[PDB]
Every structure is written in C-alpha cells, then in structure tokens.
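Note sheet for the following structure.
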Amino acid sequence: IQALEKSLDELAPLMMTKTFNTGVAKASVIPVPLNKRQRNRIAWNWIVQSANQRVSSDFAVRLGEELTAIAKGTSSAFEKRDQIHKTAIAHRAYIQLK
Amino acid sequence: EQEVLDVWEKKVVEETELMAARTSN
Amino acid sequence: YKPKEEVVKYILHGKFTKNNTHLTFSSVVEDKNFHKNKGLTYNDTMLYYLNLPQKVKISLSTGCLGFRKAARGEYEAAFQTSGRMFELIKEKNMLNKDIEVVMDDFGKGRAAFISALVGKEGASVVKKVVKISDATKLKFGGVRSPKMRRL
Amino acid sequence: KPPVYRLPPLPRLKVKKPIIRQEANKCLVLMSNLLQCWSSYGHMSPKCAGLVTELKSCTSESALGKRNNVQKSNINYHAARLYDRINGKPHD
Amino acid sequence: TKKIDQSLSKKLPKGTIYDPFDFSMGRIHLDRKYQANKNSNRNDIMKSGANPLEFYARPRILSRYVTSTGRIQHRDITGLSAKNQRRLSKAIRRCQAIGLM
Amino acid sequence: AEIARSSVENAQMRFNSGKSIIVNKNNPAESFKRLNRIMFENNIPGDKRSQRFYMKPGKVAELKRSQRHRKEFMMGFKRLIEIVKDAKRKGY
Ligand SMILES: [Mg+2]
Ligand SMILES: [Mg+2]
C-alpha cells in the first residue's frame with residue numbers, strides 16, 4: 150500500500166495544460182493545477198494501460214507485475230509525465246494569476 | 213505604532229510576493 | 067581619395083498595413099574616405115554623416131512565404147514573415163553590427179513582428195537591436211482622403 | 004481654480020461595472036513559481052523540492068484551494084442612497 | 038528578504054510630525070491618490086504673470102509645454118488660465134514658423 | 086575634417102523626433118512597451134485611423150462637441166463618486 154501511494158505520487162503530473170475556448174479566436178492552452186484525486190486518476194490509467202501489455206491472462210497478475218516494476222523504478226509512463234510537464238513549462242506565461 | 217506596523221508588515225510581504233509571481237511572467 | 071565603403075549599422079524597417087506586411091533589412095554604408103576627398107566643406111561633411119546612404123539587403127512580404135490574398139494581412143502571416151527575416155539575417159552574416167528597428171504603421175502585423183522579436187524566433191537579432199522607433203507618416207491637413215464608405 | 008464640473012440632474016448615479024480587488028489564488032502563484040523554477044534549474048531539479056511540496060498541499064483537496072474571498076462592491080448602494088443629498092440640486 | 042520596494046514604504050521627512058497612521062498602507066495609497074503637480078506654479082513661468090508671447094524666441098522654455106513630438110498640451114494638463122494658454126499656443130506656433138522649435 | 090567627425094554624435098541625436106526608445110538590452114520587451122505609451126500619449130494610432138476617410142466639417146464639429154461633453158461628464162461623475170465615498174467614510 151505504501152508502495153502504491155509512492156508510485157502514484159511520483160507518476161501523476163502535478164499540472165496539465167487544458168485548452169479553453171475563450172473568445173471567438175483560437176483557444177488558449179493554459180496550465181491548470183490538479184488535485185490529488187485527479188492526479189491519481191491520470192496515474193492509474195497509465196498503469197492499467199502498461200499492465201494490459203503483459204502476457205498473463207489474469208488482470209490481477211498483469212497489474213501486480215506492472216506495480217512491482219513501478220515500485221522498482223522501471224516504467225514507461227514516466228515519459229508521459231515528463232511530456233505533460235514540458236508542455237506546461239512552455240505555456241507558463243499563458244497563466245492568468247487573476 | 214506597533215499595531216499599525218504589524219499589519220503593514222503582513223501586507224508588504226504579501227505584495228512583495230505577488231509582484232515576484234506577476235513579474236516572473 | 068579611395069572608396070572605402072563600410073557598414074556602420076543595419077536598419078530593420080517594417081511597414082504594417084491593413085492588407086500586408088513589408089519587412090526590409092538595410093545597411094547604412096559609410097565611405098570612410100569621404101572626409102579625405104578634396105574640395106569638401108565642413109557643411110558637406112556634416113551633411114554626409116547626418117544622412118548616410120542605405121543599401122537594401124533583404125526585402126520580404128507576406129506573399130513571399132506563400133500567404134495569398136486575404137491571409138496576407140493576418141497576424142499569423144506577419145509572425146512567420148518576421149521569423150523568415152530573422153533567419154535570413156543570420157544566414158547572411160549580417161548580425162555583427164548594431165540594428166535599428168523602425169516600425170511604420172499599426173496594422174495587425176505590428177504586434178506579430180514585436181512578438182517574433184521578443185521571443186525565441188528573434189533571440190539572436192534582439193541582442194543586436196539598439197534603438198526602436200516609429201515612423202508613421204501623418205499629414206497636417208494635406209490631401210483630401212476618400213469619402214467614407216457606406217456599408 | 005481647479006475646474007469643477009457639475010453634472011445636470013440625473014435619473015441615477017451608478018457605476019456600470021464596479022471594480023473589485025480579486026486577490027490572486029495561492030495555488031496558482033505556487034504553480035507559476037514551480038513552473039519557473041523548472042525553467043531555470045530544470046525539471047525535477049532538487050532546488051524546486053519545496054515548491055513541489057507546497058503545491059501538493061495547496062491543491063491536495065481543491066485544485067484552486069479554499070477560495071473564500073468573493074466580494075461585491077457597495078458603491079452603487081451608497082451612490083443611490085446619497086445622490087439626492089449631495090447633488091446640490093436647487094430647492095423645489 | 039531584507040528589502041522592500043520603495044512604493045511599499047513611506048520615508049518620513051526630517052523635522053515633520055507624524056501619527057501612527059503614517060506607517061500604514063492607507064497612507065501609501067492616500068499619498069498616491071492626492072499626488073498632484075501643485076509645486077509647478079512656483080516653477081511654472083507661465084503661471085507667474087509673465088506674458089507667454091515674450092518667449093517665442095526661447096524654444097527651451099516653450100519645449101516644456103509640448104509632448105515628445107511637439108504637440109501642444111491641452112489646458113487640462115498645463116493648468117494655465119485661458120489667456121495664458123491662448124498666448125502660449127500662439128508663442129509656440131510663431132516659434133515653429135520662425136524655425137526655432 | 087575631424088571637427089566634422091567629433092561633433093556628429095550630438096548632431097545625430099540633436100534632430101530627434103521624440104518617437105524613439107533606447108532598447109534595454111536586459112528586458113527588450115519593456116522598451117517596446119515604452120514606445121507604445123508614446124504613441125498613445127500623442128494619439129498617433131488614433132490620428133492615423135481618422136485620416137483614412139474624409140469627414141465633412143459639420144460632422145467633425147459634431148463629433149468634437151460630443152467627445153468634449155463625454156470627457157467633461159466623466160469628470161463630473163468622478164467628482165460625485167469621491168463625495169459619496171468621503172460621505173460614506175464619515176458615516177453619512
Ligand atoms: Mg484583411
Ligand atoms: Mg476615387
């Protein structure tokens with residue numbers, strides 16, 4: 150359980166850029182903060198997708214193996230997080246702050 | 213003067229942090 | 067006594083109209099032997115150094131980048147045309163001396179050119195830009211404009 | 004000497020859109036700093052550790068924190084209450 | 038941080054009397070709101086009694102009432118009387134025609 | 086001669102137009118913001134737009150009269166709001 154929470158806290162992105170259809174012109178890609186419940190959803194879906202590439206017929210076995218690899222450092226979903234954070238760093242000036 | 217200077221300390225700190233964020237833009 | 071043409075600075079002129087954006091890059095050439103000429107008065111020398119000759123190097127419009135008709139006067143057309151200019155200034159080794167930017171009018175490309183020069187697209191040119199100015203031409207009375215359009 | 008301008012009698016004294024001071028969200032400023040911290044020292048750099056910890060706490064339950072600063076201006080209530088007294092209108 | 042912006046701190050002059058309110062933010066805002074160029078009169082030649090038309094050959098003085106491009110400032114900004122504004126504008130226009138401004 | 090060479094710096098900047106800014110090599114976007122302020126304080130963009138089409142003298146006079154009234158009306162409105170705020174502060 151501690152391993153699961155640590156993996157979810159490291160894999161979930163802190164922020165995510167969202168397109169807001171504000172104005173008749175092009176929508177704005179503004180970074181948005183994420184709460185802990187929203188962060189866990191993003192990280193869990195990545196884990197499930199990675200788990201479903203494994204060979205076992207039983208989802209529990211595939212999920213167990215995926216969670217073990219993530220607890221040991223190896224996961225392909227850390228790339229997804231880095232790409233979501235890169236986009237947000239690029240659009241840092243688009244933030245409103247009021 | 214202490215009562216006034218205490219409220220002034222808080223606001224100064226707050227407004228010296230919004231400036232830092234707003235200026236970072 | 068000998069033509070000694072040398073570049074003193076570059077002028078980046080942008081004309082931002084309602085239907086197009088024109089960007090011209092020029093060199094302010096100075097014959098460094100002009101004062102060595104014979105029969106040259108103090109006034110002629112000072113008048114030659116107050117308005118130095120200019121030579122056009124790069125001339126671009128929004129139609130040179132493939133934007134056609136109505137798209138020529140839009141924000142995106144100007145932003146890309148400004149990028150192509152900032153690139154051609156580095157590909158021609160014309161980023162050694164100081165650049166003076168002159169903006170002419172207030173169309174939709176004026177704010178695109180400024181954004182392209184204070185951003186990544188113009189991170190090399192902006193380092194050389196020393197003076198910005200406005201050259202919008204206004205008339206004090208002057209010729210009669212066309213009649214108001216009834217639309 | 005400063006020119007005083009006196010209005011004619013008016014049907015109302017009202018501000019169309021009263022300006023209000025909207026304090027900035029604490030979580031958004033934290034995110035704007037963390038994003039900047041990653042821009043200079045790099046993403047996940049150990050220098051932004053404190054920023055990450057603070058951001059997580061700010062957004063843990065609500066991504067915009069406890070927003071409890073909503074305010075409305077009272078200028079239009081006072082303006083309509085006092086206009087007849089202070090407009091300087093001549094007697095009937 | 039041991040530093041504060043000048044706009045967030047009031048420097049009490051020497052020899053002046055103060056109240057506790059002078060250390061508050063209200064004083065800062067109140068000083069901004071009521072900040073007018075009232076000391077101009079004592080430094081404003083045209084608000085002293087001189088005839089602005091006698092300065093038509095002194096572009097340096099006249100250049101104090103025009104913008105960066107040479108546009109004569111509206112009376113709302115100069116604060117001059119109707120007569121002085123009228124005379125000052127004539128002086129500037131005459132100066133421009135002579136070739137000095 | 087050199088007399089015409091060492092006296093060209095001031096001469097060059099002695100015939101200024103007032104529409105130029107010396108760029109701040111540190112923050113180059115602050116210099117463009119300063120230039121925009123000059124344009125708006127000399128009404129350069131507004132004048133250019135108003136010179137695109139001809140307006141009859143009578144219409145020009147009407148527009149000038151209305152604009153002045155709105156400017157003066159706003160000054161009178163602000164004067165009354167300040168009185169309201171002052172009156173409210175003192176408990177009226
Ligand atoms: Mg068009
Ligand atoms: Mg015709």
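Residue numbers (the entry's author numbering), protein chains in the order written: chain G, 150 to 247; chain U, 213 to 237; chain K, 67 to 217; chain Z, 4 to 95; chain R, 38 to 138; chain T, 86 to 177.
Built from N, CA and C at the ideal position, the CB exists for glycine as well.
DSSP state of residue i mapped onto helix, strand, coil
{"i": "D171/T", "result": "helix"}
{"i": "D56/R", "result": "coil"}
{"i": "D171/K", "result": "coil"}
{"i": "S63/Z", "result": "coil"}
{"i": "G143/T", "result": "helix"}
{"i": "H94/Z", "result": "coil"}
{"i": "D132/T", "result": "helix"}
{"i": "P180/G", "result": "strand"}
{"i": "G149/K", "result": "helix"}
{"i": "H88/K", "result": "strand"}
{"i": "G63/R", "result": "helix"}
{"i": "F133/K", "result": "coil"}
{"i": "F82/K", "result": "strand"}
{"i": "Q110/R", "result": "coil"}
{"i": "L217/U", "result": "helix"}
{"i": "residue 162/Z", "result": "Chain Z is shown only over 4 to 95; residue 162/Z falls outside these bounds and no answer can be derived."}
Residue i to residue j span [Cα, whole Å]
{"i": "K221/G", "j": "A233/U", "result": "37 Å"}
{"i": "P162/G", "j": "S48/Z", "result": "15 Å"}
{"i": "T217/G", "j": "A226/G", "result": "14 Å"}
{"i": "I198/K", "j": "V168/K", "result": "6 Å"}
{"i": "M34/Z", "j": "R230/G", "result": "16 Å"}
{"i": "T128/K", "j": "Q152/T", "result": "38 Å"}
{"i": "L67/Z", "j": "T235/U", "result": "21 Å"}
{"i": "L13/Z", "j": "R174/T", "result": "24 Å"}
{"i": "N159/K", "j": "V192/K", "result": "15 Å"}
{"i": "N162/K", "j": "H101/K", "result": "25 Å"}
{"i": "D207/G", "j": "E64/Z", "result": "34 Å"}
{"i": "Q133/R", "j": "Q110/R", "result": "15 Å"}
{"i": "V73/K", "j": "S93/K", "result": "6 Å"}
{"i": "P212/K", "j": "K149/T", "result": "21 Å"}
{"i": "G63/R", "j": "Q151/G", "result": "52 Å"}
{"i": "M83/R", "j": "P5/Z", "result": "16 Å"}
Closer than 7 Å to chain T by CB, residue i
{"i": "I89/Z", "result": "yes"}
{"i": "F206/K", "result": "no"}
{"i": "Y80/Z", "result": "no"}
{"i": "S105/R", "result": "yes"}
{"i": "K135/K", "result": "no"}
Within chain G, partners of residue i - CB distance below 8 Å
{"i": "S65/Z", "result": "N184"}
{"i": "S42/Z", "result": "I238 and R241"}
Status (buried if at least 16 other CB within 10 Å, exposed otherwise) for residue i
{"i": "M98/T", "result": "exposed"}
{"i": "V32/Z", "result": "buried"}
{"i": "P89/R", "result": "buried"}
{"i": "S148/K", "result": "buried"}
{"i": "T53/R", "result": "exposed"}
{"i": "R97/R", "result": "exposed"}
{"i": "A178/K", "result": "buried"}
{"i": "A143/K", "result": "buried"}
{"i": "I129/R", "result": "buried"}
Short CB-CB distance (under 7 Å) between residue i and chain Z
{"i": "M164/G", "result": "yes"}
{"i": "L246/G", "result": "yes"}
{"i": "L217/U", "result": "no"}
{"i": "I107/T", "result": "no"}
{"i": "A172/T", "result": "yes"}
Partners in chain U for residue i, counting only beta-carbon separations shorter than 8 Å
{"i": "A242/G", "result": "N237"}
Listed by chain order, chain G residues near residue i by CB distance under 9 Å
{"i": "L38/Z", "result": "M164, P180, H234, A237, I238, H240, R241 and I244"}
{"i": "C30/Z", "result": "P182"}
C-beta neighbour in chain U for residue i, strict 7 Å
{"i": "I54/R", "result": "no"}
{"i": "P57/R", "result": "yes"}
{"i": "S35/Z", "result": "yes"}
{"i": "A27/Z", "result": "yes"}
Interface residues of chain Z facing residue i [CB-CB closer than 8 Å]
{"i": "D231/G", "result": "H46"}
Neighbour flag for residue i against chain R, beta carbons, 7 Å
{"i": "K223/U", "result": "yes"}
Partners in chain Z for residue i, counting only beta-carbon separations shorter than 7 Å
{"i": "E157/T", "result": "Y8"}
{"i": "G161/T", "result": "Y8, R9 and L10"}
Proximity test, Cβ basis, 7 Å: residue i and chain G
{"i": "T62/Z", "result": "yes"}
Residue i: contacting residues in chain T (beta-carbon distance under 7 Å)
{"i": "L58/Z", "result": "Within chain T, no residue comes near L58/Z; the closest Cβ sits about 27 Å away, beyond 7 Å."}
{"i": "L54/Z", "result": "None at all; the shortest Cβ gap to chain T is about 24 Å."}
{"i": "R108/R", "result": "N127"}
Chain-ordered neighbours of residue i on chain R, where CB pairs are closer than 8 Å
{"i": "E213/U", "result": "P57 and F60"}
{"i": "residue 194/T", "result": "No answer is possible for residue 194/T: it lies beyond the span of chain T, which begins at 86 and ends at 177."}
Chain-ordered neighbours of residue i on chain U, where CB pairs are closer than 7 Å
{"i": "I41/R", "result": "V224 and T228"}
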